[PDB]
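A.B. asks: protein29.pdb (PDB, C-alpha atoms) pasted underneath:
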MODEL        1
ATOM      1  CA  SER C   1      54.073 -68.680 215.353  1.00  0.00           C
ATOM      2  CA  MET C   2      50.680 -66.977 215.550  1.00  0.00           C
ATOM      3  CA  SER C   3      50.795 -63.595 213.770  1.00  0.00           C
ATOM      4  CA  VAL C   4      54.679 -64.001 213.442  1.00  0.00           C
ATOM      5  CA  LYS C   5      55.807 -64.937 209.946  1.00  0.00           C
ATOM      6  CA  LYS C   6      59.191 -65.227 208.181  1.00  0.00           C
ATOM      7  CA  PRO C   7      59.311 -63.221 204.914  1.00  0.00           C
ATOM      8  CA  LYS C   8      57.339 -64.738 201.906  1.00  0.00           C
ATOM      9  CA  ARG C   9      59.758 -66.810 199.648  1.00  0.00           C
ATOM     10  CA  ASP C  10      58.323 -66.462 196.087  1.00  0.00           C
ATOM     11  CA  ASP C  11      56.923 -69.895 195.128  1.00  0.00           C
ATOM     12  CA  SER C  12      54.885 -68.774 192.105  1.00  0.00           C
ATOM     13  CA  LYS C  13      57.254 -70.287 189.523  1.00  0.00           C
ATOM     14  CA  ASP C  14      57.868 -73.587 191.388  1.00  0.00           C
ATOM     15  CA  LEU C  15      55.302 -75.548 189.285  1.00  0.00           C
ATOM     16  CA  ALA C  16      56.876 -74.409 186.023  1.00  0.00           C
ATOM     17  CA  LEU C  17      60.375 -74.971 187.143  1.00  0.00           C
ATOM     18  CA  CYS C  18      59.658 -78.545 188.548  1.00  0.00           C
ATOM     19  CA  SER C  19      57.997 -79.297 185.122  1.00  0.00           C
ATOM     20  CA  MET C  20      61.209 -78.132 183.394  1.00  0.00           C
ATOM     21  CA  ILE C  21      63.413 -80.238 185.557  1.00  0.00           C
ATOM     22  CA  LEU C  22      61.134 -83.266 185.037  1.00  0.00           C
ATOM     23  CA  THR C  23      61.321 -82.688 181.222  1.00  0.00           C
ATOM     24  CA  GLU C  24      65.073 -82.730 181.455  1.00  0.00           C
ATOM     25  CA  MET C  25      64.982 -86.016 183.447  1.00  0.00           C
ATOM     26  CA  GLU C  26      62.482 -87.538 180.973  1.00  0.00           C
ATOM     27  CA  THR C  27      64.771 -86.772 178.007  1.00  0.00           C
ATOM     28  CA  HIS C  28      68.048 -87.952 179.568  1.00  0.00           C
ATOM     29  CA  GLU C  29      69.438 -91.017 177.792  1.00  0.00           C
ATOM     30  CA  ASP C  30      69.675 -92.948 181.030  1.00  0.00           C
ATOM     31  CA  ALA C  31      65.973 -92.325 181.964  1.00  0.00           C
ATOM     32  CA  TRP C  32      64.714 -95.563 180.296  1.00  0.00           C
ATOM     33  CA  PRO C  33      64.457 -97.638 183.513  1.00  0.00           C
ATOM     34  CA  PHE C  34      62.330 -94.917 185.081  1.00  0.00           C
ATOM     35  CA  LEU C  35      59.916 -93.707 182.431  1.00  0.00           C
ATOM     36  CA  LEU C  36      57.042 -96.054 183.254  1.00  0.00           C
ATOM     37  CA  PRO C  37      55.896 -98.009 186.285  1.00  0.00           C
ATOM     38  CA  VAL C  38      57.636-101.341 186.843  1.00  0.00           C
ATOM     39  CA  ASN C  39      55.296-104.069 185.609  1.00  0.00           C
ATOM     40  CA  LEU C  40      54.374-105.807 188.862  1.00  0.00           C
ATOM     41  CA  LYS C  41      53.011-108.862 187.039  1.00  0.00           C
ATOM     42  CA  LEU C  42      56.235-109.388 185.149  1.00  0.00           C
ATOM     43  CA  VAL C  43      58.999-108.534 187.614  1.00  0.00           C
ATOM     44  CA  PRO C  44      59.313-111.042 190.439  1.00  0.00           C
ATOM     45  CA  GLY C  45      59.982-109.656 193.882  1.00  0.00           C
ATOM     46  CA  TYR C  46      59.049-106.018 192.977  1.00  0.00           C
ATOM     47  CA  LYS C  47      55.608-105.893 194.409  1.00  0.00           C
ATOM     48  CA  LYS C  48      56.588-107.306 197.786  1.00  0.00           C
ATOM     49  CA  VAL C  49      59.894-105.621 198.202  1.00  0.00           C
ATOM     50  CA  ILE C  50      59.212-102.018 196.994  1.00  0.00           C
ATOM     51  CA  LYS C  51      56.545-100.659 199.213  1.00  0.00           C
ATOM     52  CA  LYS C  52      56.102 -97.373 197.291  1.00  0.00           C
ATOM     53  CA  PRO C  53      56.772 -97.699 193.574  1.00  0.00           C
ATOM     54  CA  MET C  54      57.398 -94.420 191.761  1.00  0.00           C
ATOM     55  CA  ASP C  55      58.345 -93.538 188.160  1.00  0.00           C
ATOM     56  CA  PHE C  56      58.624 -90.378 185.985  1.00  0.00           C
ATOM     57  CA  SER C  57      55.226 -90.872 184.274  1.00  0.00           C
ATOM     58  CA  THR C  58      53.496 -91.084 187.640  1.00  0.00           C
ATOM     59  CA  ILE C  59      55.302 -87.959 188.865  1.00  0.00           C
ATOM     60  CA  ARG C  60      54.349 -86.154 185.612  1.00  0.00           C
ATOM     61  CA  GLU C  61      50.642 -87.071 186.078  1.00  0.00           C
ATOM     62  CA  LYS C  62      50.747 -86.002 189.791  1.00  0.00           C
ATOM     63  CA  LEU C  63      52.474 -82.695 188.781  1.00  0.00           C
ATOM     64  CA  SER C  64      49.899 -82.017 186.054  1.00  0.00           C
ATOM     65  CA  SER C  65      46.876 -82.643 188.346  1.00  0.00           C
ATOM     66  CA  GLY C  66      47.819 -80.603 191.464  1.00  0.00           C
ATOM     67  CA  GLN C  67      48.796 -83.527 193.602  1.00  0.00           C
ATOM     68  CA  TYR C  68      52.081 -81.925 194.845  1.00  0.00           C
ATOM     69  CA  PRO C  69      51.346 -79.412 197.602  1.00  0.00           C
ATOM     70  CA  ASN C  70      54.848 -77.919 197.394  1.00  0.00           C
ATOM     71  CA  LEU C  71      58.272 -78.374 195.729  1.00  0.00           C
ATOM     72  CA  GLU C  72      59.552 -80.631 198.613  1.00  0.00           C
ATOM     73  CA  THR C  73      56.893 -83.302 198.096  1.00  0.00           C
ATOM     74  CA  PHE C  74      57.914 -83.260 194.335  1.00  0.00           C
ATOM     75  CA  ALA C  75      61.608 -83.814 195.302  1.00  0.00           C
ATOM     76  CA  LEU C  76      60.593 -86.632 197.701  1.00  0.00           C
ATOM     77  CA  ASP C  77      58.926 -88.582 194.809  1.00  0.00           C
ATOM     78  CA  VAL C  78      61.901 -88.012 192.466  1.00  0.00           C
ATOM     79  CA  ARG C  79      64.334 -89.319 195.175  1.00  0.00           C
ATOM     80  CA  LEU C  80      61.991 -92.256 195.803  1.00  0.00           C
ATOM     81  CA  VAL C  81      62.497 -93.322 192.181  1.00  0.00           C
ATOM     82  CA  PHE C  82      66.251 -93.556 192.839  1.00  0.00           C
ATOM     83  CA  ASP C  83      66.010 -95.024 196.315  1.00  0.00           C
ATOM     84  CA  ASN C  84      63.795 -97.766 194.929  1.00  0.00           C
ATOM     85  CA  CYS C  85      66.260 -98.403 192.126  1.00  0.00           C
ATOM     86  CA  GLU C  86      69.112 -98.797 194.651  1.00  0.00           C
ATOM     87  CA  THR C  87      67.023-101.191 196.786  1.00  0.00           C
ATOM     88  CA  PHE C  88      66.364-103.520 193.889  1.00  0.00           C
ATOM     89  CA  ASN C  89      69.359-103.249 191.625  1.00  0.00           C
ATOM     90  CA  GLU C  90      73.066-103.921 192.054  1.00  0.00           C
ATOM     91  CA  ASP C  91      75.362-100.789 191.704  1.00  0.00           C
ATOM     92  CA  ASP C  92      77.269-102.688 188.963  1.00  0.00           C
ATOM     93  CA  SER C  93      74.306-103.242 186.565  1.00  0.00           C
ATOM     94  CA  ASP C  94      73.154-101.034 183.782  1.00  0.00           C
ATOM     95  CA  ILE C  95      70.002-100.024 185.708  1.00  0.00           C
ATOM     96  CA  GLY C  96      71.957 -99.535 188.972  1.00  0.00           C
ATOM     97  CA  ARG C  97      74.378 -97.179 187.191  1.00  0.00           C
ATOM     98  CA  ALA C  98      71.479 -95.395 185.420  1.00  0.00           C
ATOM     99  CA  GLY C  99      70.007 -94.617 188.791  1.00  0.00           C
ATOM    100  CA  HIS C 100      73.143 -93.207 190.252  1.00  0.00           C
ATOM    101  CA  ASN C 101      73.652 -91.053 187.190  1.00  0.00           C
ATOM    102  CA  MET C 102      70.056 -89.755 187.220  1.00  0.00           C
ATOM    103  CA  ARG C 103      70.144 -88.959 190.907  1.00  0.00           C
ATOM    104  CA  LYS C 104      73.319 -86.908 190.381  1.00  0.00           C
ATOM    105  CA  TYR C 105      71.771 -85.128 187.447  1.00  0.00           C
ATOM    106  CA  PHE C 106      68.620 -84.334 189.379  1.00  0.00           C
ATOM    107  CA  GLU C 107      70.360 -83.090 192.488  1.00  0.00           C
ATOM    108  CA  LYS C 108      72.466 -80.592 190.530  1.00  0.00           C
ATOM    109  CA  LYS C 109      69.424 -79.182 188.646  1.00  0.00           C
ATOM    110  CA  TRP C 110      67.663 -78.980 192.013  1.00  0.00           C
ATOM    111  CA  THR C 111      70.467 -77.002 193.714  1.00  0.00           C
ATOM    112  CA  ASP C 112      71.011 -74.772 190.685  1.00  0.00           C
ATOM    113  CA  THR C 113      67.339 -73.982 190.314  1.00  0.00           C
ATOM    114  CA  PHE C 114      66.208 -73.466 193.923  1.00  0.00           C
ATOM    115  CA  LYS C 115      69.319 -73.177 196.286  1.00  0.00           C
TER     116      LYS C 115
ENDMDL
END
Re-express the file's structure as structure tokens.
C.D. replies:
Amino acid sequence: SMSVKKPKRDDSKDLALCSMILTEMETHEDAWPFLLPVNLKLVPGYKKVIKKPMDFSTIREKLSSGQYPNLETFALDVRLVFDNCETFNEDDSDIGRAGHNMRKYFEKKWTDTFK
């Protein structure tokens, strides 16, 4: 509260470390559904159904331009990529499986790096 602060957790490396994680996600073999924004002209249903599209390229641009205020807003966008994928894709499809795999991969790197 006012003039009463918990000890300062060092956040000075968060930007670099989120960039590293994102590089690892970008280079994973199962990243291909997620690298670029879904083409809303070419994929029926996507525009109306997925209220907040997100993709790795869009997160990389946001990261690079100071549009994440802290590491939690970065994690929220990453998880949005996978939550969107689950909303639109059956579990038993290549893309549906890709998304489960990538989410698992991310969440381990996240825990190992920060928790």
A.B. asks: Hey, what comes out of the PyMOL selection byres ((chain C and resi 107) around 12) on this file? Could you write it as a list in words?
C.D. replies: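 Expected selection for the PyMOL selection byres ((chain C and resi 107) around 12) here is residues 21, 22, 25, 75, 76, 78, 79, 82, 100, 101, 102, 103, 104, 105, 106, 108, 109, 110, 111, 112, 113, 114 and 115 of chain C.
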A.B. asks: What is the atom CA of residue C:39-atom CA of residue C:26 distance in Å, reported with one decimal?
C.D. replies: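 One can read the atom CA of residue C:39 to atom CA of residue C:26 distance as 18.6 Å.
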A.B. asks: Nearest residue to residue C:33 out of C:2, C:65, C:55, C:45, using only C-alpha atoms?
C.D. replies: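 The closest residue to residue C:33 is C:55.
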A.B. asks: Using atom CA of residue C:90 and atom CA of residue C:54 as the two end points, give the distance in Å to one decimal.
C.D. replies: 18.3 Å
A.B. asks: Give me the result of the PyMOL selection byres ((chain C and resi 19) around 12) on this file, residue by residue, as a list in words.
C.D. replies: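 Against this file, the PyMOL selection byres ((chain C and resi 19) around 12) returns the residues residues 13, 14, 15, 16, 17, 18, 20, 21, 22, 23, 24, 25, 26, 56, 57, 59, 60, 61, 62, 63, 64, 68, 71, 74, 75, 109, 110 and 113 of chain C.
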A.B. asks: Which residue is closest to residue C:58? Choose from C:80, C:35, C:85, C:95 and count only C-alpha atoms.
C.D. replies: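 Smallest distance to residue C:58 is found for C:35.
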A.B. asks: Assuming 8 Å of padding per side, give the centre and edge lengths of the axis-aligned box around every listed atom of stretch 64-76 of chain C, in Å to one decimal and as AutoDock Vina command-line options.
C.D. replies:
--center_x 54.2 --center_y -82.3 --center_z 192.3 --size_x 30.7 --size_y 24.7 --size_z 28.6
A.B. asks: Identify which of the residues C:44, C:53, C:7, C:66 lies closest to residue C:84, counting only C-alpha atoms when measuring atom-to-atom distances.
C.D. replies: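 Nearest to residue C:84: C:53.
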A.B. asks: Which residue is closest to residue C:70? Choose from C:37, C:27, C:46, C:11 and count only C-alpha atoms.
C.D. replies: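 Once distances to residue C:70 are computed over only C-alpha atoms, the minimum belongs to C:11.
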A.B. asks: Figure out the distance between atom CA of residue C:31 and atom CA of residue C:12, please, to one decimal in Å.
C.D. replies: 27.9 Å
A.B. asks: Which one of C:50, C:10, C:99, C:88 sits closest to residue C:29 if you count all atoms listed in the file?
C.D. replies: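 Of the candidates, the smallest distance to residue C:29 is held by C:99.
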